[PDB]
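Student: before I ask anything, here's the sequence and the deposited coordinates:
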Amino acid sequence: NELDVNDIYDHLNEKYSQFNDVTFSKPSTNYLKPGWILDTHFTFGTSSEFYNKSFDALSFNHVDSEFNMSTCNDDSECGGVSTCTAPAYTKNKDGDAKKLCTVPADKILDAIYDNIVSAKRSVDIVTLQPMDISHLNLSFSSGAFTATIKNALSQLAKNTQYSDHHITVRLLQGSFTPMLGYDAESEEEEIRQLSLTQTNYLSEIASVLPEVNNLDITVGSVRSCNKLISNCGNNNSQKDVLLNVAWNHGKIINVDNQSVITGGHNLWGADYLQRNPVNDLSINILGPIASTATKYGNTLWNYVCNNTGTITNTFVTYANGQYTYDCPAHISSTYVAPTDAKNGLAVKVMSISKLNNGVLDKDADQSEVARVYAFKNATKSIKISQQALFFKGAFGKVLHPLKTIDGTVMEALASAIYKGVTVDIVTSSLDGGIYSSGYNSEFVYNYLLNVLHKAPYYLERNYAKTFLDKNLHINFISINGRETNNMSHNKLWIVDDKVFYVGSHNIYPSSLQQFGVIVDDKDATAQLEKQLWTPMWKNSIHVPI
Amino acid sequence: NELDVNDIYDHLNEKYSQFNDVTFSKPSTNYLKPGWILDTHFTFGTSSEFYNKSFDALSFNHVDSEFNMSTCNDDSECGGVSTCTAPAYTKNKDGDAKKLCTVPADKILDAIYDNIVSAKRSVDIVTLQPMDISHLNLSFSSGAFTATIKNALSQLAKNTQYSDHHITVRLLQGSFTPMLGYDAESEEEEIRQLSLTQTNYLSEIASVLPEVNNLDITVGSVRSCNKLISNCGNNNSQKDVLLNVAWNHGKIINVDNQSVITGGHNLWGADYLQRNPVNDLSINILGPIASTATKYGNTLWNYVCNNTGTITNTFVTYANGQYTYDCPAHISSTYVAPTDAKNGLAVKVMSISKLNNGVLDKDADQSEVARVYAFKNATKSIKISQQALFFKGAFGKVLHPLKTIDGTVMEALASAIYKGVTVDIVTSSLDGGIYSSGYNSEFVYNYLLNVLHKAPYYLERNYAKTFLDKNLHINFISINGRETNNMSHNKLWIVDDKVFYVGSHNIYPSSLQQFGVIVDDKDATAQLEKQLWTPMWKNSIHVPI
Amino acid sequence: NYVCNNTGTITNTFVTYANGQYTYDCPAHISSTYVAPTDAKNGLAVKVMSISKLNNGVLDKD
Ligand code: NA
Ligand code: NA
Ligand code: NA
Ligand code: NA
Ligand code: NA
Ligand code: NA
Ligand code: NA
Ligand code: NA
Ligand code: NA
């Protein structure tokens, strides 16, 4: 007994059989090729000053405006940790690549471009709208991601120009509601603004495609709850104004119902691929798991195309030279193995999702249950990397990870610690600005103390401290064990160096929809720990208090 | 040459004459006796370890449950900075005081007790409902404040037992809405909960009064807006869900329309008078300025008693052995000088208030305007001590100090910095938990940088930095220049070492009603700087940019 | 003006394209002050007035 994903699946099926193949899936065999780990961050062990020199232009060069990297003739003109490179994703519609000073984090761009240009049937993108800090209401992507996507689609149009059939391209973003600059009473104006920015995004794509092409491209926005004054559709015990809105938070790039990129990354260039990068993780996986991703998309897209009534969302499509309202509610989820699909490491994988709070029935939150069960059944260790574990409610109330039929994450971690299981946690830093941890390490320690004081344990405070001091270690991310304002956006956990989650579902609470996958494989986990967990942990900071 | 409060009054009267004697008042002569500065905080220049020893009890003593201090036989049994003392505010209804290890912060208790037991007509208490951290739903006061109030009222009842007339005692709290444990759709249940806690508080007071006495005691709660989805009644340019609720935030203890305690202190014992105190300031003043506070009280109580329209507030009275709904809507505001009123330092003072967002007309926010004018017309220096200068909106949007007809606080400070005025700022620490500054120093620096980039300055970024580097110094509060998690709740500013504000109005934005006073006097300002500003500044921590 | 300060209600809708971008900049006002073009006085000079009906939901019912 060292936790198996089949146990998670069986538990969900016993308790939530009506959501089988809606918010979770039977484990399936999938394949991880070299580079499947899309971990982006500053280079652990160096300094921010040095890493950030990777974006300084030298020797009669400039900073390219599309990709926000220095131009380039050879490695000697590139500073920091960067090198001169001519990536395919810089190839514009006329076929010309650029020489840029690239860094390891750009691997994510490489992964996206390569996957999209290979499409023969469908490109399915789900994400979170870029935050409106000040700028102009951007959609779907920002910075280098945008150019990358455009360039990919351009290439795709050429690769498919003789295709028997058209390629369906779906871009869908969850949108904050009420939107920046509008009270919740102004739904109509909100829709108009969303429509405008989506139209501009689509028109920009269109202007880099051949006049005649086989790409049917749709852009859409999805929000499922704007009530604020009442429940969105969940079984929470906690109540807060900030839990009474909801929209998609899942992050998927799904090509041909075969290749999936999923994890914590939004497609926000400045946050990941420029100075002072935020630490984040996605993965690139091939196999039947893509079916689940597609179902997830289809759920959302079905909701966008047909919901009537309550909230009203918006979308538009460009195909055969025309803007239309042909809504792509459904891409087929039936898996067809591509040739040489079994290349790479075979691993067992299931999906888990959160699709309640206004899309599906209020019981449809199987992600929380899955992770609580995982932690409750850890036998050796739980490694967690997150942005935050708690979330500040509207009037300062601390909101904790949500209640499930099996309890909360914090109750499960308390159980683990009481049993002697090691719990290592990495949060973002407190001085993380937009990506703050929200609460310091002492707060989490004391919260778990209080859990052990109540409940079935009834432990006296100092005796409980013994368990915590032995088995709980809370650190926050740092590039080098010195800097105290670095940032992380991870949604990662690993049980027994064997089973791990990658997806969008923070441990801190919200009502947003989520998608993620659970991998069960010792070899894959060992790779992930060698590449990300161990360097990050080694360089993290611990506040003793 | 320097700033004169009369110029502030003249500006408000020219632009908002219809709110004269409503939200502001003509400067009047008032009196500050020794002890007028009720600044409570740990002992600057020491350490939290040392200060917190003030609440250690020896084995043969204990920690009194009413006042959360150690019992006591002589000074040698008291640790830290405490001494053995038998304050009058420990005197219970039977006339028995306790020996406790008291600290300098307890001065605020002394001021409340002493002021209340001297009443001959009225006791008028306005405050903010205790935060609900634990689903306890306390009212009006917590910790040693509760006992103090009770004991004061007990003593008051004896001091007035042969009075020709009854004494009006009003206790009014602004209540968070929606309340903890309730979505906003549940107004009725919320009112019931408020009524329950107010009834228990009043019954507790009654149980320590004589069976027959001349006190008419009313407890009440006030909220002026619970919409969430639309404007509460202001002229803001910013829009945010968290600005669309409102309740009283003003803090007043007004005895006989003569003696006023006002400032930033909520009546929350554990936050000020125990270990790890929050730094805060109130003042004890006597004179016609009390009129203005009484008026402020009246405006709220009227609103509660004559339930205008939609929102329903709640209150209850205990008098002549009976609970009733006799609503004390009006205490007379005409000032009558007590005998020996001219004792102490004579100073010019005016009131300023914020009574919009559902109580009075939406234009009735003269506090913001007055402070903007003061900063814009500073000639030498501006000293600011705040908890925070910015506030995080519902979905992460930064909310800045609100717009007035004369612009914002940030625009005024940018103007002062551009002209060469010195601007010293102390905030709470970032790691201050519930009393966090919310944003780091660099964020403030950069916000003001962007203000200087815009019209009318149009300063290039690097050159604008030189203005900030020369004239702006932002620190955060620390007991000793070493600890980084200390906390401040100040709402203080001082212009030209002459004019200073004491009251409830944070610089960071909200829609809550506020009351405060502006004192114009070099002698008083110098006493305040010696006692509070200079020690705090010398021990504050500067994070270089 | 009516379209710009009552957009959304009924069936009133608009969009602008400018500088390669779609926006909701609403051209509620072109200047009505007349400037004679050069050689404007070419042709037959005639006396003309305008008359309009801006009733029925746009301006006052009169
Ligand atoms: Na990154
Ligand atoms: Na990073
Ligand atoms: Na570069
Ligand atoms: Na999609
Ligand atoms: Na993909
Ligand atoms: Na949660
Ligand atoms: Na106390
Ligand atoms: Na005390
Ligand atoms: Na302060």
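Tutor: Cool, got the structure. Numbers count the residues shown, from 1 in each chain, chains lettered A, B, ... in the order given. Ligands and ions are numbered 1, 2, ... in the order given.
Student: and the helix or strand where residue A:112 lies, is it in reach of ligand 2?
Tutor: Using DSSP states H and E, residue A:112 falls within helix A:107-117. No: shown here: helix A:107-117 not in contact with ligand 2 (CB under 5 Å from the ion), separated by at least 12.6 Å. The C-beta positions use only the backbone N, C-alpha and C, and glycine is treated the same way.
Student: please look at residue A:442 and residue A:476 and confirm they touch.
Tutor: No: using CB atoms under 8 Å, residue A:442 is not in contact with residue A:476; the gap is 11.9 Å.
Student: who are the contact partners of residue A:358?
Tutor: A:224, A:225, A:232, A:233, A:246, A:310, A:311 (CB atoms under 8 Å, 6 or more residues apart in numbering or on different chains).
Student: ok and the residue in the stretch 351-500 of chain A nearest chain B?
Tutor: With CB to the nearest CB as the measure, residue A:395 is the residue of the stretch 351-500 of chain A nearest to chain B, at 5.1 Å.
Student: how about the backbone phi and psi for that residue?
Tutor: phi -120, psi 30 (degrees, to the nearest 10).
Student: one step back: shared neighbours of residue A:442 and residue A:476, anything?
Tutor: Residues touching both residue A:442 and residue A:476 (CB under 8 Å, 6+ apart): residue A:543.
Student: my guess is residue A:214 contacts residue A:161. True?
Tutor: Yes: counting by CB under 8 Å, residue A:161 is a contact partner of residue A:214 at 6.8 Å.
Student: roughly how far is stretch A:8-26 from the heart of the chain?
Tutor: 22 Å (CA atoms, centre = their mean, to the nearest Å).
Student: apologies, that question was intended for stretch A:53-60.
Tutor: With CA atoms, centre = their mean, you get 31 Å for stretch A:53-60.
Student: that older thread, close to ligand 3, is the helix holding residue A:112?
Tutor: No: against ligand 3, helix A:107-117 shows no contacts by CB under 5 Å from the ion, the least distance being 12.9 Å.
Student: contacts for that helix, please.
Tutor: A:35, A:38, A:40, A:87-89, A:123, A:144-145, A:148-149, A:151-153, A:155-156, A:159, A:253, A:255, A:259, A:261, A:265, A:272-273, A:282, A:284.
Student: could you list which of the residues you listed belong to helices?
Tutor: Cross-referencing the contacts of helix A:107-117 against helices under DSSP state H gives A:144, A:145, A:148, A:149, A:151, A:152, A:153, A:155, A:156, A:159, A:272.
Student: tabulate those residues (a markdown table), appending neighbour count and distance to ligand 4.
Tutor: Shown next, in a markdown table, are the ones in helices among the contacts of helix A:107-117 (neighbours: other CB atoms under 10 Å in any protein chain shown; distance: CB to the ion, whole Å):
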| residue | neighbour count | distance to ligand 4 |
| --- | --- | --- |
| A:144 | 26 | 21 |
| A:145 | 26 | 15 |
| A:148 | 27 | 17 |
| A:149 | 26 | 13 |
| A:151 | 25 | 20 |
| A:152 | 23 | 15 |
| A:153 | 24 | 14 |
| A:155 | 21 | 20 |
| A:156 | 24 | 16 |
| A:159 | 16 | 21 |
| A:272 | 23 | 21 |
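Student: pull the most distant pair out of the residues you listed.
Tutor: Largest separation among those by CB to CB: A:159 and A:272, giving 27.0 Å.
Student: correct me if wrong, but residue A:222 is in a strand.
Tutor: Yes: assigned with DSSP: H, G, I helix; E, B strand; the rest coil, residue A:222 falls within a strand.
Student: tell me how many other residues crowd the residue nearest to residue A:483 when sequence neighbours are not counted.
Tutor: Leaving aside its sequence neighbours, residue A:483 sits nearest to residue A:48 (CB to CB, 6 or more residues apart in numbering or on different chains; 6.0 Å). By other CB atoms under 10 Å in any protein chain shown, the residues close to residue A:48 number 18.
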